[PDB]
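Order of the sequence lines fixes the chain letters, A, B, ..., with proteins taken first and strands second; residue numbering starts at 1 for each chain.
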There are 2 protein chains.
Amino acid sequence: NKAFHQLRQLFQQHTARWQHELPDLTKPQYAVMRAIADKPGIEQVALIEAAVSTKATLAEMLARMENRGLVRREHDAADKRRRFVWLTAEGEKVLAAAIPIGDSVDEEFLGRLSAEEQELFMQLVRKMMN
Amino acid sequence: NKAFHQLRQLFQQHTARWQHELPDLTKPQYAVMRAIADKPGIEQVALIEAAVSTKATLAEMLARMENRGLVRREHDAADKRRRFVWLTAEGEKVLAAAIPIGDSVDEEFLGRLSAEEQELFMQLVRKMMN
């Protein structure tokens, strides 16, 4: 088989479990909220790398989060293209409730590996990346 | 870091290279065409697992491939819901031209691992799957 083919299978199974347990928060949405909480006021262009997204995908997703009162943003006075992102009080509640759920979904797959197998799996993924 | 987080990073980098080299054929589209060529006349419901897709995603994608003369389908006379999928002559040409391109994109990431690291990476992904 192809290694990237079975990776799609493992990823699809992970997405299927994640969607069932967290119907209103996908993994890219969850990663965006986690990165904002790790660095309140993070610049939106830096949030692209921190949450593994794109400029267009993040701008769309942040606009929906903003419209639902979960995300607050400010602008650079010298360049309104630059924006800084914060979690609202409701956003902190949504993220705090999702963290134990998301951790349990990861544990369903990672828990099948030993501690040495988990630490090494992280080494191989990092070795393949650019 | 989270193992499934870095997996998104590695997957996003792989998709970015794949989109640049194969602008008109994504990896799910490529996997569907590969599975049809491996089993000509495969039932559409079996193509879901063989290509790592869903019933709705595959039906949408096969309809577009059919409209572009790349995919040919027949129906069960006792149940028109069941369909069997073939590659057309143009579909075989599109897939044959994409295989060396897609293999080189995989090699960009897998080639950074030794043969033992590649064989073992496949073991860990299989161990995590349901």
Side-chain angles (χ1 to χ4, degrees), chain A residues 1-20 26-32 34-35 38 48-55 57-58 99 102-130, chain B residues 1-20 26-32 34-35 38 48-55 57-58 99 102-130:
Chain A
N1 280 16
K2 302 294 172 153
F4 281 100
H5 181 73
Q6 318 246 69
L7 266 178
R8 276 224 297 133
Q9 253 180 331
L10 169 68
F11 208 68
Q12 181 186 64
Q13 295 180 359
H14 192 269
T15 304
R17 292 286 304 117
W18 192 282
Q19 180 210 24
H20 183 253
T26 72
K27 309 188 262 157
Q29 289 175 314
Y30 174 79
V32 159
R34 283 281 290 251
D38 290 342
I48 297 166
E49 182 285 320
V52 196
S53 181
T54 72
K55 180 188 185 68
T57 294
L58 181 62
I99 285 169
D103 283 344
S104 73
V105 172
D106 298 339
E107 166 71 16
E108 286 175 28
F109 301 90
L110 287 166
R112 312 186 165 122
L113 299 185
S114 74
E116 286 81 359
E117 286 169 332
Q118 288 185 27
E119 269 315 304
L120 174 286
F121 180 81
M122 292 216 57
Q123 282 159 39
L124 297 190
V125 171
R126 272 204 301 285
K127 199 166 164 173
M128 295 212 270
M129 259 188 284
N130 319 341
Chain B
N1 280 16
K2 302 294 172 153
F4 281 100
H5 181 73
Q6 318 246 69
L7 266 178
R8 276 224 297 133
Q9 253 180 331
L10 169 68
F11 208 68
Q12 181 186 64
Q13 295 180 359
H14 192 269
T15 304
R17 292 286 304 117
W18 192 282
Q19 180 210 24
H20 183 253
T26 72
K27 309 188 262 157
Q29 289 175 314
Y30 174 79
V32 159
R34 283 281 290 251
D38 290 342
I48 297 166
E49 182 285 320
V52 196
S53 181
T54 72
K55 180 188 185 68
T57 294
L58 181 62
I99 285 169
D103 283 344
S104 73
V105 172
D106 298 339
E107 166 71 16
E108 286 175 28
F109 301 90
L110 287 166
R112 312 186 165 122
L113 299 185
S114 74
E116 286 81 359
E117 286 169 332
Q118 288 185 27
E119 269 315 304
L120 174 286
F121 180 81
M122 292 216 57
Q123 282 159 39
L124 297 190
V125 171
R126 272 204 301 285
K127 199 166 164 173
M128 295 212 270
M129 259 188 284
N130 319 341

Quick check for you: to the nearest 0.5 Å, what is the distance between [X] atom [atom1] and [Y] atom [atom2]?
X: B/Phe4; Y: A/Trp18; atom1: CZ; atom2: CH2; value: 10.0 Å
X: A/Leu110; Y: B/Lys127; atom1: CG; atom2: NZ; value: 12.5 Å
X: B/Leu10; Y: A/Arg126; atom1: CG; atom2: CZ; value: 12.0 Å

Please classify the contact of [X] with chain A as side chain, backbone, both or neither, using a heavy-atom distance under 4.5 Å.
X: B/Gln12; value: side chain
X: B/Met129; value: both
X: B/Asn1; value: both

- Task: Check whether any side-chain heavy atom of B/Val52 sits under 4.5 Å from a side-chain heavy atom of A/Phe11, and report yes or no.
- Result: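 Side-chain contact under 4.5 Å: no.
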
- Task: Examine distances only and state if a side-chain atom of A/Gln13 and a backbone atom of B/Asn130 form a donor-acceptor pair shorter than 3.5 Å.
- Result: yes

- Side-chain donor/acceptor of A/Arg8 to backbone N/O of B/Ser53, under 3.5 Å: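 Not confirmed, A/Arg8 side chain does not pair with B/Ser53 backbone.
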
Specify which of [options] makes the most heavy-atom pairs with chain B at under 4.5 Å.
options: A/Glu108, A/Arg112, A/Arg34; value: A/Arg112
options: A/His14, A/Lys27, A/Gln123, A/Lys2; value: A/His14
options: A/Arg17, A/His5, A/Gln9; value: A/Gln9

- Message: How close do B/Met128 and A/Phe109 get, counting heavy atoms only, and between which atoms?
- Response: O-CD2, 3.1 Å

